[PDB]
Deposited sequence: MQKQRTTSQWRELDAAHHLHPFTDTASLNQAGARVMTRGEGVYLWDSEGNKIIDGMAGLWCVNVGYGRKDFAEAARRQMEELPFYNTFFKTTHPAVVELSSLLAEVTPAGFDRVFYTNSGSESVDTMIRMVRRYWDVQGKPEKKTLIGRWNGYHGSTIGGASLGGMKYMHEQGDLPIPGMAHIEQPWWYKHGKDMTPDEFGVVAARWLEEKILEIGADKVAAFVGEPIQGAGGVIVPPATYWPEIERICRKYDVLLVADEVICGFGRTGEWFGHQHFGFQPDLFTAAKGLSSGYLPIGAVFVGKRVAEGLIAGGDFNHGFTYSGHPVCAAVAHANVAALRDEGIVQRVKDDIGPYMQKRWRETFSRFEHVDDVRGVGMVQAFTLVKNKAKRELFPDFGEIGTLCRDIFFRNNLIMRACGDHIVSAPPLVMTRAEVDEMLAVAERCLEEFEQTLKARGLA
């Protein structure tokens, strides 16, 4: 069984089946499939000028164009961009940048980065260490610490979500104080944890994280691997949650996955420090594969000029979120129905009233995912969390089509749970 074609939100196979890609490839095909204009952009750039050379003191014009456009859509203060080939490379570079920044400041001890259990930051040795996947962890490398994730369903006890957000953020303060602030370089997090299961923190979480980072002279880093380029309805997830990172990382969402690329966006304060040190100046000037940059430029231009991101914020996001909640909330073994913009999720649970999870977390998720897949719907299981992140161009009719298939699948899921004595 082989894939033949993609268009919009659909994939087709050699047997003629139409498949709804409810995950937009690897959470990244934000403009959808079938952009022949991107192929033309790549073709043109490769025929004309696919290289630049450091012999010249100038930046390749395709990269200049991309950076200029990016500046218009990123938050204030992020004019300095260091391009990479992937989100994993972006995270790795960010780690080195954070540590070098503190060296330049005359604080060589300030080297520990803090992440979270169930956080994911790619697959380099550095990124895997900063991530908090139990299986991935030798690992972690030195100068890496972790705090618990803001997963209310599991850790909330009898706290309201807002109370819990403050408590979960204060775990960062506890860890900083345990290590000593003089040894802590940065806190890094995905605005919404992606691979961990679309863990959406309470509204009080990020502002308290930021208060803590600022109090203790710790840098704040957003990993926009999944939340970037319109996924939440804002251009970047940190904008939705209302925090101001000092740097943020981006992955191939920058090109909707059509060519490999990533970036580190470096805010004014950290950029000034890095440039004083000099170690990243070559990359600030010369980074960025020009062919990948031309495609990324076409992608970002489409996201803005075709109204795609604005439509997530104003139209399809709120529609998806309401329809998602209307569809899944009634099921006996579905809880914590959640989402923002065009990322959404729920958790398969043994007992909603008790907030009791199934044992062997992941086994039931796999069972449900297999039902979706049999019905030609791609949604992903992260443990027993079911997640979705379709192309942002999905229409209201396509949302409703996807939800109708998922609804049918959940009916079968509930029936199967019962039949197997697992309900």
{"item": "Deposited residues absent from the coordinates (by C-alpha)", "value": "1 to 33, 171 to 173"}
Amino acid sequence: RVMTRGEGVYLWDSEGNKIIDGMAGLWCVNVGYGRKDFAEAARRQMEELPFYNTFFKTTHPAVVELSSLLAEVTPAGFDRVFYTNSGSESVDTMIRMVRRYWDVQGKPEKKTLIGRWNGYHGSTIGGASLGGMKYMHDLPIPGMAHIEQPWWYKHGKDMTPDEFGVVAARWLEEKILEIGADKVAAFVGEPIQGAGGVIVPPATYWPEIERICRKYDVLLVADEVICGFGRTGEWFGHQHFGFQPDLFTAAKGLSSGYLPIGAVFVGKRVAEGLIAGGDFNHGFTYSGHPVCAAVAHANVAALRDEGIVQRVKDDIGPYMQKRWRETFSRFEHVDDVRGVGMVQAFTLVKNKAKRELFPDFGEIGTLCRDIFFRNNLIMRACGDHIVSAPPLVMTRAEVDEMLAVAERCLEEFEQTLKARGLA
From here on, numbers count along this sequence of modelled residues.
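Throughout, rigid core stands for the largest set of C-alpha atoms superposing within 1.5 Å between the two forms.
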query	finding
Core-aligned Cα RMS comparison in 8 other deposited structures of this protein - stretch that moves more, 246 to 254 or 336 to 344	246 to 254
Higher-deviation stretch (C-alpha RMS, rigid core fit) in 8 other deposited structures of this protein, choosing from 7 to 15 and 398 to 406	7 to 15
Of 349 to 357 and 163 to 171, the one with larger mean CA B-factor	349 to 357
50 to 58 versus 389 to 397 - greater average Cα B-factor per the deposited record	50 to 58
Most elevated Cα B-factor in the entry, residues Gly257, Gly156, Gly180, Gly278	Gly278
Per the PDB entry, maximal CA B factor within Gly131, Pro108, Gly317, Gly230	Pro108
Entry-reported Cα temperature factor of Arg214, expressed as the chain third it lands in	lowest
Relative C-alpha B-factor of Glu89, binned into the chain's lowest, middle or highest third	lowest
Third assignment of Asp138 from its chain's C-alpha B-factors	highest
Lowest, middle or highest third - CA B-factor, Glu272	highest
Entry-reported Cα temperature factor of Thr285, expressed as the chain third it lands in	highest
